[PDB]
């Protein structure tokens, strides 16, 4: 049951842990493979905020937006966490 923001973005509080994906495909890879098979448009729109220099990414798949509600220490972490939100909400099986 994701949180829904005012503009309709679907969010979950997710931190990306790179240690869980050492030498294996990352969440962005799984999500990209799925959107490629479905021919779905996918884009990441990432921002860094001035107050603490953390990052947040809004991933759009077709006309649906997903993002992590946890601001991340890096651009990569914000994008990977947003991909994990999309994977978990859509229900895409990952290892």
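Positions refer to the first chain, counted from 1.
- Taking only CA atoms, the mean B-factor in the PDB entry is higher for 16-24 than for the other of 78-86 and 16-24.
- In the deposited entry, the Cα temperature factor of residue 67 sits in the bottom third of values across the chain's modelled residues.
- In the deposited entry, the Cα temperature factor of residue 37 sits in the top third of values across the chain's modelled residues.
- Among the modelled residues of its chain, residue 56 has a C-alpha B-factor that falls in the lowest third according to the deposited record.
- In the deposited entry, the Cα temperature factor of residue 48 sits in the bottom third of values across the chain's modelled residues.
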